[PDB]
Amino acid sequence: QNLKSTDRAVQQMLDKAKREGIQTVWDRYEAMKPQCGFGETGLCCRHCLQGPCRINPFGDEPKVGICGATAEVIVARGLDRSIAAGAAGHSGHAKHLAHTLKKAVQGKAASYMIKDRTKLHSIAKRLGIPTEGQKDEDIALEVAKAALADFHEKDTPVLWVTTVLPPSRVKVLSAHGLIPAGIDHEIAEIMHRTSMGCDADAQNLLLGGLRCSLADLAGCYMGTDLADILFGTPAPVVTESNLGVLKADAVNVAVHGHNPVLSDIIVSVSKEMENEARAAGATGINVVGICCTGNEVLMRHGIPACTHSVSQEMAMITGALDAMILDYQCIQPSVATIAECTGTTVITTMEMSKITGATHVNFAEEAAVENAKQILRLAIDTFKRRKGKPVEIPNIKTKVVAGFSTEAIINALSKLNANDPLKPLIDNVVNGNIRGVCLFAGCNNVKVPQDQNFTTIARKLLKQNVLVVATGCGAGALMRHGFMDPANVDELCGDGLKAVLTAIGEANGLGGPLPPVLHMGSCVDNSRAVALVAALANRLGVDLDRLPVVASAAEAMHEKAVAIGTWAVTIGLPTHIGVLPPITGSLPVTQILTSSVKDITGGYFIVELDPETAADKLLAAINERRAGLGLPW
């Protein structure tokens, strides 16, 4: 089972699934092999009813699609549609929070409110919205209107791009026509241009993709901004992760998906019903996180994270998971059928994301507390039904220090230099105690033994004094393996990095270092890493393609991850991907994405499936940036 997952709690659950005859994601993968090589390489098109068209990677015919579409065009069109689908997810999440904020301040949903007034005014100021002499609710109405306006064409481009990157970066992107005109506008234009008999030039297509990836970045940033206004900006928190956070004697409720609009409320209401839970024979309600909505409540409230991504079914296999409360994205629909075998109640809540066989509760922000109580009562009923059933919760968990929003990082650094908080970080980049910065992002993928690439790459980077930050299921992988426990700094970190983490930790009244890896939050919170990097760029007076900063989607899966990697390249970062995107069927497309894009944006993809080799490539990219700044390396 260590060939399927490097997580020992997952391995124990895979044994239980096997002996109980419950099919898992790994079993469904094995049944899919050998997978189609045309699709793996990108050399398949279904964009019209003349298809499917395929192109042999090598050999004889077919060499071209029926309409004349070349391998270059077919690969670039497929990739662009993946970018657009990722942008649609992140920006659908942001749009939902924009509507929630509007309703809150219009008096339509009093379970929601402005919790971070300071963040609200800073966002308004960034967008140019006047705050002097205005009520908070009017400022917020204007912020929510601005958010919604970025989805369509107007007299300004997308402000959640142009106001969040350095002017010099905006200017480079504008010169190549890459600034998005509106988020949903770009998604639709990608769908148009990639339909049959439209765009058929690989460079043109891929420039469209870069622009659409910036619409994804805007959605991410808008989502983080709005969630912080509504739910609070994260600050350092301590909690736990892995399946041992489940408790046999409690009602275990997992929040799963991405958008915390419902699950932030579940967290609050769950505490009101501790007595209702005690009356049903439980110790209380134990809310735990899966995937990114789990990250959201971990970062803001310290809710422990049960599991992530590819291993999500395993939480059910314990027999102790009484409810799994779903919104959207990254939820394996297998959970609805597994729940018949495990005695979990799987509940959907969003109109556009239902799963046959799950119970649907039509969550409305206007009724949020009511809906939360209905859902929690279903989970209490389910707890009662398992009275006397044995469960098998692996007694495996890690300690997690998290909550490192960019504001939190700046505040922690300010204890070393109050009026120039980024300077201590920069000083230690220059002196070599911090070699550079690597962001780990994205999913697990069944093709890769779970967490193997994240942990292998991270270990090598940390020994080489790289400051490692993480989000999403990259953060999940690292937290489940101990990389968010400061007790592991001595074992994992190079001496320079250890010195820096220790100095910041001690200056923040911890008597110990910051953790080895800094958890910056959910997938939309990749935007927080952008904020940090853009602030460093501003403080140094350079663009992001000169900073020693890289990204790694070391085990990517979702279309969202393809969008994030593409905008990481578009904003100027060397960006590793550790699973093969469907591009290898076209050498010209591969060469654009891994080489000639450097001449447009300064970033580039590093496609490398071997994690030891990927780490060496990422260190080489960091060290080239250091050399370009005249620094030793």
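In this text, residue numbers run from 1 along the sequence as written.
- When the C-alpha B-factors of 154-162 and 68-76 are averaged, 154-162 comes out higher.
- Comparing the deposited coordinates for 563-571 and 590-598, the stretch with the larger average C-alpha B-factor is 590-598.
- The PDB entry gives the largest Cα B-factor of the residues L501, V310, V255, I331 to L501.
- Per the deposited record, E370 carries the highest C-alpha B-factor of all listed residues (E370, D525, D228, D199).
- Sorting the modelled residues of the chain by their CA temperature factor places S195 in the lowest third.
- Ranked within its chain, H519 lands in the lowest third, by CA B factor from the PDB record.
- Among the modelled residues of the chain, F483 sits in the middle third by CA temperature factor in this PDB entry.
- In this PDB entry, the Cα temperature factor of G59 sits in the top third of its chain's modelled residues, the highest group.
- The PDB entry assigns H558 a C-alpha temperature factor belonging to the lowest third of its chain's modelled residues.
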